[PDB]
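So that the names make sense, note that chain A is the first sequence line, chain B the second, and so on, each numbered from 1. Computed from heavy atoms alone, side chains included, the values below leave out hydrogens, waters and symmetry copies.
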Amino acid sequence: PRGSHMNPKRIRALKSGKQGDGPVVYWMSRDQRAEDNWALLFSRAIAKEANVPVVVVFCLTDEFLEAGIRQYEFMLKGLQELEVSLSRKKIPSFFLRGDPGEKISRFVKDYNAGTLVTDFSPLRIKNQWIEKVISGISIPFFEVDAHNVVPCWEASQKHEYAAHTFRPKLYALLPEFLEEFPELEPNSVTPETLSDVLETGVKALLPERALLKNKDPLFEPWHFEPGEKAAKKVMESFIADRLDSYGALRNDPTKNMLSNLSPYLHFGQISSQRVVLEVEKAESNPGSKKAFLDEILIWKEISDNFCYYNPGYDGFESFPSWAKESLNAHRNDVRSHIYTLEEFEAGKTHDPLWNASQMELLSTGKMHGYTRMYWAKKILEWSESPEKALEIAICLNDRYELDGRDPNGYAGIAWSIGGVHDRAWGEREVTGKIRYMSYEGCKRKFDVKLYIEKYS
DNA sequence: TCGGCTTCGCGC
DNA sequence: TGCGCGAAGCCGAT
Ligand SMILES: Cc1cc2nc3c(=O)[nH]c(=O)nc-3n(C[C@H](O)[C@H](O)[C@H](O)COP(=O)(O)OP(=O)(O)OC[C@H]3O[C@@H](n4cnc5c(N)ncnc54)[C@H](O)[C@@H]3O)c2cc1C
């Protein structure tokens with residue numbers, strides 16, 4: 001649909017129909033940003049072709065009640081900065097509240113929309129909203145992959161088993177899809193308050209907060225400043241200060257050598273393609289550049305491939321055949337320890353390293369990547385059943401992680417607990433053939449003592 | 001029908 | 001600290 005620096009493989013028609021005479025509505029959801037947004041840039045191209053304005057809509061769902069203050073305040077503060085950014089380009093933003101299956105369908109008919117466009121997300125709750133809006137509208141409905149560099153439906157046509165089967169497929173399409181972004185043109189035709197949704201949003205989640213003994217809450221919101229502008233600063237500080245020694249200090253949680261980009265990448269406050277653009281042009285360690293590109297391109301986009309082609313990505317059914325047979329054969333094995341969800345949540349286990357990992361999760365909202373594997377694997381070893389292990393790990397992840405409720409989370413937890421995108425290993429107690437990670441293995445990799453004392 | 005796929009453990 | 005190095009399945013160029 002028109003344009004030259006616009007790859008049509010990023011667009012796919014979700015429903016046919018006659019193009020209305022009204023404005024193009026962009027149902028933004030996953031990629032909350034003004035710049036470097038294919039879904040917003042595509043909506044402008046269709047809007048410019050029909051001589052209609054482009055409008056952005058956002059439907060705040062009732063699923064923030066399963067997500068606390070740390071994820072609500074991080075999202076809402078970025079939406080307030082986004083509203084000012086879109087207003088500078090004369091693009092109005094409308095913020096709705098309720099079921100998107102009924103609010104979006106009511107919004108298009110009331111505003112007399114001509115074409116509806118939205119971003120891509122492989123989550124189950126998004127596929128239900130889409131089908132509910134297709135049966136309630138009469139205008140064409142388009143969908144853009146603005147999160148992945150290579151469109152999810154174009155990178156692979158099936159669920160990829162491991163990373164070595166997905167790496168040559170992704171890198172073969174890189175010269176075509178890795179491109180610069182055109183500047184968002186402003187509107188030529190101008191035609192709820194967020195401060196109130198934030199006040200009414202926190203007061204409902206105040207009782208469900210994580211507090212210490214003296215009613216002192218555990219979350220430290222000064223570690224990550226939300227917003228599109230702040231997300232660019234974290235990227236700039238990563239390339240100049242942390243990219244050189246990233247390839248060597250990536251498995252050391254005592255060194256702040258990660259990009260710290262996942263909270264902005266999950267909420268779409270920064271484009272992963274823009275990060276790859278700047279990383280590919282920077283002169284750093286070739287081992288560190290290949291190590292970082294392999295995380296934000298291969299592992300990040302294979303998680304979308306895992307959730308898009310496996311509807312039960314958060315269940316035991318999505319595990320490989322060799323894993324399910326191994327975990328079922330070790331269901332009657334005697335567990336050395338058994339902890340409930342409340343014991344895992346408060347970090348009241350016998351392992352000081354695991355408790356230190358959980359304390360970093362509760363206090364900073366972003367637990368180190370290497371400790372996240374030790375964190376989720378110890379849950380499987382100290383639980384009643386593999387089904388309970390998956391339930392506790394997903395619950396604690398999507399509640400305190402700033403990057404929670406993300407395909408990277410479900411695919412990461414499935415990698416540690418169900419061996420997805422991995423292979424079998426030494427046969428062991430309880431965990432069977434799933435890869436085991438011990439306290440002593442982390443002691444030789446990094447100063448474990450420094451990690452415990454930092455988080456009690 | 002082999003090949004070498006990490007974010008492993010553990011011994012120089 | 002790098003470097004080996006067993007121990008286990010299923011994919012993919014054949
Ligand atoms: C049990 C478990 C749970 C996780 N929970 C989440 C989660 O809820 N949300 C989330 O976005 N990621 C999660 N991760 C992936 C990974 O832990 C985080 O991406 C990473 O820790 C975030 O910090 P970073 O961006 O500074 O890491 P970096 O080394 O700087 O990587 C940058 C980006 O690459 C991506 N990435 C890196 N590693 C992975 C990976 N193993 N899988 C998928 N993407 C990756 C991330 O998007 C990340 O933002 C989880 C992994 C595991 C094993």
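Judged by Watson-Crick or G-U wobble contacts below 3.5 Å, the nucleotide B:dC12 has C:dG2 as its partner. Pairing of C:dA8, defined by two Watson-Crick or G-U wobble distances under 3.5 Å, is not identified with any nucleotide. Base pairing annotation: B:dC2 forms no Watson-Crick or G-U wobble pair, as no partner gives both donor-acceptor distances under 3.5 Å.
Contact annotation: A:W425 reaches the phosphate of B:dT7 (side-chain N/O to OP1 or OP2, under 4.0 Å). Side-chain N/O atoms of A:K445 include none lying less than 4.0 angstrom from OP1 or OP2 on B:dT7. Between A:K433 and C:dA7 there is no side-chain N or O to OP1 or OP2 distance below 4.0 Å. Residue A:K377 places none of its side-chain N or O atoms closer than 4.0 Å to OP1 or OP2 of B:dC8. OP1 or OP2 of B:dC8 has at least one side-chain nitrogen or oxygen of A:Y370 nearer than 4.0 Å.
Remark: the A:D119 side chain and the A:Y26 side chain contain an N/O donor-acceptor pair separated by less than 3.5 Å. Checking A:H350 against A:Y339 by side-chain atom types alone, a donor-acceptor pair falls below 3.5 Å.
B:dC10 and C:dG9 have their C1' atoms separated by 22 Å, given to the nearest Å. A distance of about 16 Å separates the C1' atoms of C:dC10 and C:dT14, rounded to the whole Å. Taking atom P in both B:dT1 and C:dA8, one finds a spacing of 24 Å when rounded to whole Å.
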Step-by-step side-chain hydrogen bond (donor to acceptor under 3.5 Å, both in side chains) determination, A:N397 to A:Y410 | CA-CA 9 Å; A:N397 179 85; A:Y410 304 114; over 6 Å; no

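For C:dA7, classification of the furanose by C1'-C2'-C3'-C4' yields a south pucker, on the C2'-endo side. Judged by the sign of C1'-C2'-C3'-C4', the furanose ring of B:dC8 adopts a north, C3'-endo-like conformation. Using the sign of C1'-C2'-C3'-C4' as the criterion, C:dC10 is classed as a south pucker.
Across C:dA8, B:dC8, B:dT7, the shortest atom-to-atom separation from the side chain of A:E427 is found for C:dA8. Across C:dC11, B:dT7, C:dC10, the shortest atom-to-atom separation from the side chain of A:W322 is found for C:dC10. Of all nucleotides listed (B:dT7, C:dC10, B:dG9), C:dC10 comes nearest to the side chain of A:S321. Ranking B:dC8, B:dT6, C:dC11 by closeness to the A:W299 side chain, first place goes to B:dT6. Taking only side-chain atoms of A:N251, from C-beta outward, the nucleotide of C:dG12, B:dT7, B:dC10 with the closest atom is B:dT7. Here the nucleotide nearest the side chain of A:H164, chosen from C:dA8, B:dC5, B:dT6, is B:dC5. Considering only the side chain of A:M437, B:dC8 comes nearest among B:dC8, C:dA8, B:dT7.
Taking the side chain as every heavy atom from C-beta outward, A:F95 and A:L76 never approach each other to under 4.5 Å.
Here the closest non-hydrogen pair linking A:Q71 and A:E401 is NE2-O, 2.8 Å.
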